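Next up, work30.txt (compact mmCIF, N, CA and C atoms):
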```txt
# COMPACT_ATOMS: atom_id res chain seq x y z
N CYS E 353 113.38 81.42 88.14
CA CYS E 353 112.78 81.18 89.44
C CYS E 353 112.89 79.70 89.81
N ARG E 354 112.60 79.40 91.07
CA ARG E 354 112.53 78.03 91.55
C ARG E 354 111.30 77.87 92.43
N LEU E 355 110.74 76.66 92.42
CA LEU E 355 109.60 76.35 93.27
C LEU E 355 109.65 74.85 93.57
N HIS E 356 110.17 74.50 94.74
CA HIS E 356 110.38 73.12 95.16
C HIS E 356 110.95 72.28 94.02
N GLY E 357 112.14 72.66 93.57
CA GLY E 357 112.81 71.92 92.51
C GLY E 357 112.84 72.63 91.17
N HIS E 358 111.95 72.22 90.27
CA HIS E 358 111.99 72.65 88.87
C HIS E 358 112.45 74.09 88.72
N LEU E 359 113.42 74.30 87.83
CA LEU E 359 113.96 75.62 87.53
C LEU E 359 113.08 76.26 86.46
N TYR E 360 112.19 77.15 86.89
CA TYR E 360 111.23 77.77 85.99
C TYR E 360 111.88 78.95 85.27
N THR E 361 111.66 79.03 83.96
CA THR E 361 112.21 80.11 83.17
C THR E 361 111.52 81.43 83.50
N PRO E 362 112.16 82.57 83.22
CA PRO E 362 111.52 83.86 83.50
C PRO E 362 110.38 84.17 82.54
N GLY E 363 109.19 83.66 82.86
CA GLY E 363 108.02 83.87 82.04
C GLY E 363 107.08 82.68 82.03
N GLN E 364 107.54 81.55 82.59
CA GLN E 364 106.70 80.36 82.70
C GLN E 364 105.70 80.56 83.83
N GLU E 365 104.43 80.24 83.55
CA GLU E 365 103.39 80.37 84.55
C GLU E 365 103.10 79.03 85.22
N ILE E 366 102.39 79.10 86.34
CA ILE E 366 102.04 77.91 87.12
C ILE E 366 100.74 78.20 87.86
N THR E 367 100.00 77.14 88.17
CA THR E 367 98.74 77.24 88.90
C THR E 367 98.95 76.69 90.30
N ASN E 368 98.84 77.57 91.30
CA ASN E 368 98.97 77.17 92.69
C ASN E 368 97.59 76.80 93.22
N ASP E 369 97.48 76.46 94.50
CA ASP E 369 96.22 76.02 95.08
C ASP E 369 95.08 76.98 94.76
N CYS E 370 95.21 78.24 95.19
CA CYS E 370 94.17 79.24 94.97
C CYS E 370 94.69 80.46 94.21
N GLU E 371 95.85 80.36 93.56
CA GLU E 371 96.41 81.47 92.82
C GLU E 371 97.26 80.95 91.67
N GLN E 372 97.47 81.81 90.68
CA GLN E 372 98.30 81.52 89.52
C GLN E 372 99.44 82.53 89.45
N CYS E 373 100.66 82.03 89.22
CA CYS E 373 101.86 82.84 89.36
C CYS E 373 102.69 82.79 88.09
N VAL E 374 103.45 83.86 87.86
CA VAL E 374 104.34 83.99 86.72
C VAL E 374 105.71 84.43 87.22
N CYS E 375 106.76 83.79 86.72
CA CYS E 375 108.12 84.09 87.15
C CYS E 375 108.56 85.41 86.53
N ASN E 376 108.78 86.42 87.38
CA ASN E 376 109.31 87.70 86.95
C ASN E 376 110.84 87.65 87.06
N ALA E 377 111.50 88.80 86.97
CA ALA E 377 112.97 88.85 86.99
C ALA E 377 113.46 88.51 88.39
N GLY E 378 113.48 87.21 88.68
CA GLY E 378 113.97 86.69 89.95
C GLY E 378 112.89 86.45 90.99
N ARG E 379 111.70 87.02 90.80
CA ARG E 379 110.61 86.87 91.74
C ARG E 379 109.33 86.50 91.01
N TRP E 380 108.42 85.85 91.73
CA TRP E 380 107.13 85.48 91.18
C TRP E 380 106.12 86.60 91.40
N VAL E 381 105.13 86.66 90.52
CA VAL E 381 103.99 87.55 90.67
C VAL E 381 102.74 86.68 90.62
N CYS E 382 101.94 86.72 91.67
CA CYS E 382 100.81 85.82 91.84
C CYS E 382 99.50 86.59 91.84
N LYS E 383 98.50 86.01 91.17
CA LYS E 383 97.16 86.56 91.10
C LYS E 383 96.20 85.55 91.71
N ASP E 384 95.34 86.02 92.61
CA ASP E 384 94.45 85.14 93.36
C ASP E 384 93.43 84.49 92.44
N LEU E 385 92.97 83.31 92.84
CA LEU E 385 91.93 82.58 92.14
C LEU E 385 90.83 82.17 93.12
N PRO E 386 89.57 82.14 92.68
CA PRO E 386 88.50 81.72 93.59
C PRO E 386 88.69 80.27 94.03
N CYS E 387 88.33 80.00 95.29
CA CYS E 387 88.35 78.64 95.83
C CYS E 387 87.52 78.61 97.10
N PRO E 388 86.74 77.55 97.34
CA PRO E 388 85.79 77.56 98.45
C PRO E 388 86.43 77.33 99.81
N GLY E 389 85.60 77.32 100.85
CA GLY E 389 86.07 77.01 102.19
C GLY E 389 85.27 75.86 102.77
N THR E 390 85.87 75.19 103.76
CA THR E 390 85.30 73.99 104.34
C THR E 390 85.33 74.09 105.86
N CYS E 391 84.21 73.73 106.49
CA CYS E 391 84.13 73.57 107.94
C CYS E 391 83.83 72.11 108.25
N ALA E 392 84.60 71.53 109.17
CA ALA E 392 84.53 70.11 109.45
C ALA E 392 84.17 69.87 110.91
N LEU E 393 83.32 68.87 111.14
CA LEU E 393 82.99 68.38 112.47
C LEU E 393 83.25 66.87 112.43
N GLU E 394 84.37 66.46 113.01
CA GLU E 394 84.82 65.08 113.01
C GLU E 394 84.82 64.52 114.42
N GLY E 395 84.81 63.18 114.49
CA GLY E 395 84.81 62.51 115.77
C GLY E 395 83.61 62.93 116.61
N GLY E 396 83.71 62.68 117.91
CA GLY E 396 82.68 63.14 118.82
C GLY E 396 82.62 64.66 118.85
N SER E 397 83.78 65.30 119.01
CA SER E 397 83.88 66.76 119.05
C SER E 397 85.26 67.16 118.52
N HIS E 398 85.32 67.49 117.23
CA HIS E 398 86.53 68.06 116.64
C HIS E 398 86.08 69.04 115.57
N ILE E 399 86.19 70.33 115.87
CA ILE E 399 85.67 71.38 115.00
C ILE E 399 86.83 72.08 114.31
N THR E 400 86.79 72.11 112.98
CA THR E 400 87.72 72.87 112.17
C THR E 400 86.93 73.93 111.42
N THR E 401 87.19 75.19 111.73
CA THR E 401 86.46 76.29 111.10
C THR E 401 86.91 76.43 109.65
N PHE E 402 86.35 77.43 108.97
CA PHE E 402 86.77 77.71 107.60
C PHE E 402 88.16 78.33 107.55
N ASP E 403 88.73 78.69 108.69
CA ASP E 403 90.05 79.30 108.78
C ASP E 403 90.99 78.43 109.60
N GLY E 404 90.83 77.11 109.49
CA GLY E 404 91.62 76.19 110.29
C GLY E 404 91.10 76.15 111.72
N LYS E 405 91.90 76.69 112.65
CA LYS E 405 91.49 76.90 114.03
C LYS E 405 90.76 75.66 114.59
N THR E 406 91.49 74.55 114.58
CA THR E 406 90.98 73.30 115.12
C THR E 406 90.86 73.40 116.64
N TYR E 407 89.78 72.85 117.18
CA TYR E 407 89.56 72.87 118.62
C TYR E 407 88.54 71.81 119.00
N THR E 408 88.45 71.55 120.30
CA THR E 408 87.54 70.56 120.86
C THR E 408 86.66 71.21 121.92
N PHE E 409 85.38 70.83 121.94
CA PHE E 409 84.40 71.49 122.79
C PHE E 409 83.72 70.55 123.78
N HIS E 410 83.21 69.40 123.33
CA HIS E 410 82.49 68.45 124.18
C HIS E 410 81.30 69.13 124.88
N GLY E 411 80.34 69.54 124.06
CA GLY E 411 79.14 70.18 124.55
C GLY E 411 77.96 69.22 124.68
N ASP E 412 76.89 69.73 125.30
CA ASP E 412 75.63 68.99 125.39
C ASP E 412 74.49 69.99 125.16
N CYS E 413 74.15 70.20 123.89
CA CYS E 413 73.01 71.03 123.50
C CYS E 413 72.88 71.11 121.99
N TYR E 414 71.83 71.76 121.51
CA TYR E 414 71.80 72.23 120.13
C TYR E 414 72.60 73.52 120.02
N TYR E 415 73.38 73.65 118.96
CA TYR E 415 74.24 74.81 118.75
C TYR E 415 74.08 75.33 117.33
N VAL E 416 74.36 76.62 117.17
CA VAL E 416 74.30 77.28 115.87
C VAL E 416 75.61 77.00 115.14
N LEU E 417 75.64 75.92 114.37
CA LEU E 417 76.83 75.59 113.60
C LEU E 417 77.16 76.66 112.57
N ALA E 418 76.19 77.08 111.77
CA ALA E 418 76.44 78.16 110.82
C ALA E 418 75.12 78.67 110.26
N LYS E 419 74.88 79.97 110.40
CA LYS E 419 73.63 80.55 109.93
C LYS E 419 73.93 81.79 109.10
N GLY E 420 73.17 81.94 108.01
CA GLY E 420 73.28 83.14 107.21
C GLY E 420 72.90 84.37 108.01
N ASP E 421 73.58 85.48 107.72
CA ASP E 421 73.51 86.65 108.57
C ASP E 421 72.44 87.65 108.16
N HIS E 422 71.98 87.64 106.91
CA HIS E 422 71.13 88.74 106.46
C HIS E 422 69.83 88.80 107.25
N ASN E 423 68.89 87.90 106.99
CA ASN E 423 67.81 87.67 107.94
C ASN E 423 67.34 86.22 107.98
N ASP E 424 67.42 85.52 106.85
CA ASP E 424 66.72 84.26 106.68
C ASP E 424 67.52 83.20 105.93
N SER E 425 68.64 83.58 105.31
CA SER E 425 69.31 82.75 104.31
C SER E 425 69.29 81.27 104.65
N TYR E 426 69.74 80.89 105.84
CA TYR E 426 69.74 79.49 106.25
C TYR E 426 70.22 79.40 107.69
N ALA E 427 70.13 78.19 108.25
CA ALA E 427 70.63 77.95 109.60
C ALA E 427 70.92 76.46 109.76
N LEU E 428 72.18 76.12 109.99
CA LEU E 428 72.63 74.76 110.21
C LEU E 428 72.96 74.60 111.68
N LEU E 429 72.29 73.65 112.33
CA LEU E 429 72.47 73.36 113.74
C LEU E 429 73.10 71.97 113.89
N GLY E 430 73.22 71.52 115.14
CA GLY E 430 73.75 70.20 115.41
C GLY E 430 73.54 69.75 116.84
N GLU E 431 73.46 68.44 117.05
CA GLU E 431 73.26 67.88 118.38
C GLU E 431 74.53 67.16 118.85
N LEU E 432 75.35 67.87 119.62
CA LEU E 432 76.52 67.30 120.27
C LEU E 432 76.15 67.02 121.72
N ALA E 433 75.92 65.75 122.04
CA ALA E 433 75.49 65.33 123.36
C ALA E 433 76.28 64.11 123.82
N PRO E 434 76.35 63.86 125.13
CA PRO E 434 77.07 62.68 125.62
C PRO E 434 76.51 61.40 125.01
N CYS E 435 77.42 60.50 124.63
CA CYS E 435 77.06 59.21 124.07
C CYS E 435 77.60 58.03 124.88
N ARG S 780 59.11 80.70 123.86
CA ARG S 780 59.88 81.94 123.84
C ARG S 780 60.42 82.26 125.23
N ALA S 781 61.69 81.93 125.46
CA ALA S 781 62.36 82.16 126.74
C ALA S 781 63.80 82.57 126.45
N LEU S 782 64.04 83.88 126.40
CA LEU S 782 65.38 84.39 126.17
C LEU S 782 66.17 84.41 127.47
N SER S 783 67.51 84.42 127.34
CA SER S 783 68.37 84.31 128.51
C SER S 783 69.60 85.22 128.46
N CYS S 784 69.61 86.24 127.60
CA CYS S 784 70.76 87.13 127.42
C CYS S 784 71.99 86.41 126.87
N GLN S 785 71.87 85.13 126.53
CA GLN S 785 72.99 84.40 125.94
C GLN S 785 72.56 83.82 124.60
N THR S 786 71.26 83.73 124.37
CA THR S 786 70.69 83.27 123.11
C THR S 786 70.02 84.41 122.35
N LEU S 787 70.43 85.65 122.64
CA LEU S 787 69.82 86.80 121.98
C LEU S 787 69.98 86.71 120.46
N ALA S 788 71.20 86.47 120.00
CA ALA S 788 71.47 86.32 118.57
C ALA S 788 71.32 84.89 118.09
N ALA S 789 71.03 83.94 118.99
CA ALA S 789 70.86 82.55 118.57
C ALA S 789 69.69 82.42 117.60
N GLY S 790 68.48 82.73 118.05
CA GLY S 790 67.31 82.65 117.20
C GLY S 790 66.11 82.03 117.89
N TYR S 791 66.34 81.33 119.00
CA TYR S 791 65.28 80.64 119.73
C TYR S 791 64.52 79.69 118.80
N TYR S 792 65.27 78.72 118.28
CA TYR S 792 64.76 77.80 117.27
C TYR S 792 63.81 76.77 117.87
N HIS S 793 64.31 75.98 118.82
CA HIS S 793 63.50 74.94 119.44
C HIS S 793 62.37 75.54 120.27
N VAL S 801 59.15 80.21 135.09
CA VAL S 801 60.15 80.81 134.22
C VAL S 801 59.80 82.27 133.96
N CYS S 802 60.65 82.95 133.19
CA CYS S 802 60.40 84.35 132.88
C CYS S 802 59.14 84.49 132.02
N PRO S 803 58.29 85.48 132.31
CA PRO S 803 57.12 85.71 131.45
C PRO S 803 57.48 86.47 130.19
N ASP S 804 56.49 86.75 129.35
CA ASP S 804 56.73 87.58 128.17
C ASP S 804 57.25 88.94 128.60
N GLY S 805 58.21 89.46 127.84
CA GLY S 805 58.89 90.68 128.23
C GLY S 805 60.17 90.39 128.99
N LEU S 806 60.09 90.40 130.32
CA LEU S 806 61.25 90.08 131.14
C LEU S 806 61.88 88.76 130.71
N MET S 807 63.21 88.71 130.76
CA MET S 807 63.94 87.51 130.38
C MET S 807 65.03 87.26 131.42
N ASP S 808 65.51 86.02 131.44
CA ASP S 808 66.61 85.66 132.32
C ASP S 808 67.90 86.35 131.87
N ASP S 809 68.70 86.77 132.86
CA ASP S 809 69.96 87.43 132.60
C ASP S 809 71.18 86.57 132.92
N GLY S 810 70.99 85.36 133.43
CA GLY S 810 72.09 84.53 133.87
C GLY S 810 72.62 84.87 135.25
N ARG S 811 72.05 85.88 135.91
CA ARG S 811 72.48 86.30 137.23
C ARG S 811 71.48 85.97 138.33
N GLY S 812 70.20 85.85 137.99
CA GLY S 812 69.17 85.64 138.98
C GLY S 812 67.79 85.84 138.40
N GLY S 813 66.97 86.65 139.06
CA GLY S 813 65.64 86.95 138.58
C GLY S 813 65.66 87.51 137.17
N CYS S 814 64.46 87.61 136.60
CA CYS S 814 64.30 88.05 135.22
C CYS S 814 64.58 89.54 135.11
N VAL S 815 65.16 89.96 133.98
CA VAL S 815 65.53 91.35 133.75
C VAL S 815 65.01 91.77 132.38
N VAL S 816 64.79 93.08 132.23
CA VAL S 816 64.35 93.64 130.96
C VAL S 816 65.51 93.59 129.97
N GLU S 817 65.21 93.79 128.69
CA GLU S 817 66.25 93.76 127.67
C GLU S 817 67.24 94.91 127.81
N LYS S 818 66.79 96.07 128.28
CA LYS S 818 67.67 97.23 128.36
C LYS S 818 68.77 97.02 129.40
N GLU S 819 68.43 96.44 130.55
CA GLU S 819 69.37 96.24 131.64
C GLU S 819 70.03 94.87 131.60
N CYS S 820 70.08 94.24 130.43
CA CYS S 820 70.71 92.94 130.29
C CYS S 820 72.23 93.07 130.44
N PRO S 821 72.86 92.24 131.27
CA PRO S 821 74.31 92.34 131.48
C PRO S 821 75.09 91.71 130.33
N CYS S 822 76.41 91.73 130.47
CA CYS S 822 77.32 91.20 129.47
C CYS S 822 78.21 90.13 130.09
N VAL S 823 78.75 89.26 129.24
CA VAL S 823 79.63 88.18 129.67
C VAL S 823 80.91 88.24 128.84
N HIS S 824 82.05 88.06 129.51
CA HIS S 824 83.35 88.05 128.84
C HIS S 824 84.30 87.19 129.65
N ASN S 825 84.86 86.16 129.01
CA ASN S 825 85.82 85.27 129.65
C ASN S 825 85.25 84.69 130.95
N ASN S 826 84.01 84.21 130.87
CA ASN S 826 83.31 83.61 132.01
C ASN S 826 83.14 84.59 133.17
N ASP S 827 83.22 85.89 132.89
CA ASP S 827 83.02 86.92 133.89
C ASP S 827 81.79 87.74 133.52
N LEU S 828 80.92 87.95 134.50
CA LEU S 828 79.65 88.63 134.31
C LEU S 828 79.80 90.09 134.74
N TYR S 829 79.54 91.01 133.81
CA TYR S 829 79.68 92.44 134.05
C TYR S 829 78.33 93.11 133.84
N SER S 830 77.97 94.01 134.75
CA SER S 830 76.70 94.72 134.66
C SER S 830 76.77 95.78 133.56
N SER S 831 75.63 96.39 133.27
CA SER S 831 75.57 97.41 132.24
C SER S 831 76.41 98.62 132.63
N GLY S 832 77.04 99.23 131.63
CA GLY S 832 77.87 100.39 131.86
C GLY S 832 79.26 100.08 132.39
N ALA S 833 79.61 98.80 132.50
CA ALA S 833 80.94 98.41 132.95
C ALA S 833 81.98 98.79 131.90
N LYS S 834 83.19 99.09 132.38
CA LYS S 834 84.28 99.54 131.53
C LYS S 834 85.42 98.53 131.59
N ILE S 835 85.91 98.12 130.42
CA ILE S 835 87.07 97.24 130.32
C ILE S 835 87.89 97.65 129.10
N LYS S 836 89.20 97.45 129.20
CA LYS S 836 90.15 97.82 128.17
C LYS S 836 90.69 96.57 127.49
N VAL S 837 91.01 96.68 126.20
CA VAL S 837 91.65 95.59 125.46
C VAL S 837 92.91 96.17 124.81
N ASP S 838 93.99 96.22 125.58
CA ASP S 838 95.37 96.35 125.11
C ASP S 838 95.70 97.69 124.45
N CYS S 839 94.70 98.42 123.96
CA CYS S 839 94.88 99.83 123.66
C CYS S 839 93.59 100.62 123.85
N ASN S 840 92.45 99.93 123.94
CA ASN S 840 91.14 100.55 123.82
C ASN S 840 90.36 100.42 125.13
N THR S 841 89.11 100.89 125.09
CA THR S 841 88.18 100.78 126.21
C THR S 841 86.84 100.32 125.67
N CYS S 842 86.12 99.53 126.46
CA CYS S 842 84.83 98.99 126.07
C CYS S 842 83.76 99.38 127.09
N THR S 843 82.51 99.10 126.73
CA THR S 843 81.37 99.45 127.57
C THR S 843 80.24 98.47 127.32
N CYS S 844 79.75 97.84 128.39
CA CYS S 844 78.56 97.00 128.31
C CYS S 844 77.32 97.90 128.28
N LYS S 845 76.72 98.04 127.10
CA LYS S 845 75.63 98.99 126.89
C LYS S 845 74.26 98.35 127.10
N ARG S 846 73.93 97.34 126.30
CA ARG S 846 72.62 96.71 126.33
C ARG S 846 72.76 95.20 126.20
N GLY S 847 73.71 94.63 126.95
CA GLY S 847 74.07 93.24 126.80
C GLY S 847 75.14 92.99 125.75
N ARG S 848 75.54 94.02 125.01
CA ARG S 848 76.63 93.94 124.05
C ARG S 848 77.73 94.90 124.46
N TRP S 849 78.87 94.80 123.79
CA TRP S 849 80.04 95.59 124.13
C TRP S 849 80.29 96.67 123.08
N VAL S 850 80.44 97.90 123.54
CA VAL S 850 80.77 99.04 122.70
C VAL S 850 82.20 99.45 123.02
```

Show me the file's structure as structure tokens.
Amino acid sequence: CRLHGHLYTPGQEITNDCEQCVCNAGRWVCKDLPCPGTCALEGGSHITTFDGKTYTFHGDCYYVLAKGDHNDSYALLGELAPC
Amino acid sequence: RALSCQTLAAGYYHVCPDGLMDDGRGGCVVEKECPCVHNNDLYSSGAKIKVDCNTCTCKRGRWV
């Protein structure tokens, strides 16, 4: 197999970002690995969800940034207002 | 406690009296006859709209 250069033998394993793979007969076989997610609020208004999806809003209020769904788990808000 | 048919699932963390609430259209409305909003368009209860293969219905301020 090959992966950005190095010629991997048929049976050498590797650890990818969130998965680990093994070179099969010409193809890789990958098994998923746990890894967290991140939501970012940068600048005045730059929102990156846990699934990428970058966008800009420019709001003026308190907003539900992220709240647990069951009944009570938690609730993270934020104040995006003109400055 | 002042709901507006847009903060129903918000939580009301931080005019219409108890019971009746604002609908975003005008005077206060009951929860059953609360309208729906989609793409900045206000649709009354029982309205029908399709999404590319399906059909929807504004039932109680939500879409079925």

Define the interface residues of chain S facing chain E as those within 9 Å, counting only C-alpha atoms, and report them as a ChimeraX atom specification. /S:789-790,793

Counting only C-alpha atoms, what is within 10 Å of residue 396 in chain E, bar same-chain residues fewer than 3 positions away, as a ChimeraX atom specification? /E:393,399,408-411,432-435

Could you turn the residues from that selection into a file that holds N, CA and C atoms, as a PDB file, in the coordinates of the input?
```pdb
ATOM      1  N   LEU E 393      83.320  68.870 111.140  1.00  0.00           N
ATOM      2  CA  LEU E 393      82.990  68.380 112.470  1.00  0.00           C
ATOM      3  C   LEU E 393      83.250  66.870 112.430  1.00  0.00           C
ATOM      4  N   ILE E 399      86.190  70.330 115.870  1.00  0.00           N
ATOM      5  CA  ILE E 399      85.670  71.380 115.000  1.00  0.00           C
ATOM      6  C   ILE E 399      86.830  72.080 114.310  1.00  0.00           C
ATOM      7  N   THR E 408      88.450  71.550 120.300  1.00  0.00           N
ATOM      8  CA  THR E 408      87.540  70.560 120.860  1.00  0.00           C
ATOM      9  C   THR E 408      86.660  71.210 121.920  1.00  0.00           C
ATOM     10  N   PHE E 409      85.380  70.830 121.940  1.00  0.00           N
ATOM     11  CA  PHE E 409      84.400  71.490 122.790  1.00  0.00           C
ATOM     12  C   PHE E 409      83.720  70.550 123.780  1.00  0.00           C
ATOM     13  N   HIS E 410      83.210  69.400 123.330  1.00  0.00           N
ATOM     14  CA  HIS E 410      82.490  68.450 124.180  1.00  0.00           C
ATOM     15  C   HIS E 410      81.300  69.130 124.880  1.00  0.00           C
ATOM     16  N   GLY E 411      80.340  69.540 124.060  1.00  0.00           N
ATOM     17  CA  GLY E 411      79.140  70.180 124.550  1.00  0.00           C
ATOM     18  C   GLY E 411      77.960  69.220 124.680  1.00  0.00           C
ATOM     19  N   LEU E 432      75.350  67.870 119.620  1.00  0.00           N
ATOM     20  CA  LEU E 432      76.520  67.300 120.270  1.00  0.00           C
ATOM     21  C   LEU E 432      76.150  67.020 121.720  1.00  0.00           C
ATOM     22  N   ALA E 433      75.920  65.750 122.040  1.00  0.00           N
ATOM     23  CA  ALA E 433      75.490  65.330 123.360  1.00  0.00           C
ATOM     24  C   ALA E 433      76.280  64.110 123.820  1.00  0.00           C
ATOM     25  N   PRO E 434      76.350  63.860 125.130  1.00  0.00           N
ATOM     26  CA  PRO E 434      77.070  62.680 125.620  1.00  0.00           C
ATOM     27  C   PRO E 434      76.510  61.400 125.010  1.00  0.00           C
ATOM     28  N   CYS E 435      77.420  60.500 124.630  1.00  0.00           N
ATOM     29  CA  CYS E 435      77.060  59.210 124.070  1.00  0.00           C
ATOM     30  C   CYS E 435      77.600  58.030 124.880  1.00  0.00           C
TER      31      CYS E 435
END
```

Could you give me, as a count of residues only, the residues within 12 Å of residue 404 in chain E, counting only C-alpha atoms and dropping anything in the same chain fewer than 3 positions from it? 10

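Among S:842, S:788, S:802, S:850, the residue with the shortest atom-to-atom distance to residue 816 in chain S, counting only C-alpha atoms, is S:802.
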
Would you pick out the contacts of residue 353 in chain E at 6 Å or less, using all atoms listed in the file, so that residues sharing its chain but fewer than 5 positions from it are not included, and give the list as an NGL selection string? :E and (358-362 or 375 or 378)

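Ranking S:780, S:808, S:815, S:845 by their shortest atom-to-atom distance to residue 830 in chain S, with all atoms listed in the file included, puts S:845 first.
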
So how far away is atom N of residue 846 in chain S from CA of residue 422 in chain E, in Å? 21.8 Å

List the spatial neighbours of residue 822 in chain S as a short mmCIF file (atom, residue, chain, number, x, y, z; two decimals) with N, CA and C atoms, in the coordinates of the input - criterion: any atom at most 10 Å away, only C-alpha atoms, same-chain residues fewer than 6 positions off excluded.
```cif
data_model
loop_
_atom_site.label_atom_id
_atom_site.label_comp_id
_atom_site.auth_asym_id
_atom_site.auth_seq_id
_atom_site.Cartn_x
_atom_site.Cartn_y
_atom_site.Cartn_z
N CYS S 784 69.61 86.24 127.60
CA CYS S 784 70.76 87.13 127.42
C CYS S 784 71.99 86.41 126.87
N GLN S 785 71.87 85.13 126.53
CA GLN S 785 72.99 84.40 125.94
C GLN S 785 72.56 83.82 124.60
N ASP S 809 68.70 86.77 132.86
CA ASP S 809 69.96 87.43 132.60
C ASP S 809 71.18 86.57 132.92
N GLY S 810 70.99 85.36 133.43
CA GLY S 810 72.09 84.53 133.87
C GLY S 810 72.62 84.87 135.25
N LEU S 828 80.92 87.95 134.50
CA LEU S 828 79.65 88.63 134.31
C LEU S 828 79.80 90.09 134.74
N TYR S 829 79.54 91.01 133.81
CA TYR S 829 79.68 92.44 134.05
C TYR S 829 78.33 93.11 133.84
N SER S 830 77.97 94.01 134.75
CA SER S 830 76.70 94.72 134.66
C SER S 830 76.77 95.78 133.56
N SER S 831 75.63 96.39 133.27
CA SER S 831 75.57 97.41 132.24
C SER S 831 76.41 98.62 132.63
N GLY S 832 77.04 99.23 131.63
CA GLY S 832 77.87 100.39 131.86
C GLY S 832 79.26 100.08 132.39
N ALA S 833 79.61 98.80 132.50
CA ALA S 833 80.94 98.41 132.95
C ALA S 833 81.98 98.79 131.90
N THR S 843 82.51 99.10 126.73
CA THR S 843 81.37 99.45 127.57
C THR S 843 80.24 98.47 127.32
N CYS S 844 79.75 97.84 128.39
CA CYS S 844 78.56 97.00 128.31
C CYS S 844 77.32 97.90 128.28
N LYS S 845 76.72 98.04 127.10
CA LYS S 845 75.63 98.99 126.89
C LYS S 845 74.26 98.35 127.10
N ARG S 846 73.93 97.34 126.30
CA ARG S 846 72.62 96.71 126.33
C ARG S 846 72.76 95.20 126.20
N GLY S 847 73.71 94.63 126.95
CA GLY S 847 74.07 93.24 126.80
C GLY S 847 75.14 92.99 125.75
N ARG S 848 75.54 94.02 125.01
CA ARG S 848 76.63 93.94 124.05
C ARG S 848 77.73 94.90 124.46
N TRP S 849 78.87 94.80 123.79
CA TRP S 849 80.04 95.59 124.13
C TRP S 849 80.29 96.67 123.08
#
```

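Atom pair CA of residue 363 in chain E / CA of residue 382 in chain E has a distance of 12.3 Å (rounded to one decimal).
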
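Going from CA of residue 823 in chain S over to CA of residue 418 in chain E, you cover 21.6 Å.
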
Measuring atom to atom with only C-alpha atoms, identify which of S:801, S:837, S:807, S:782 is nearest to residue 819 in chain S. S:807
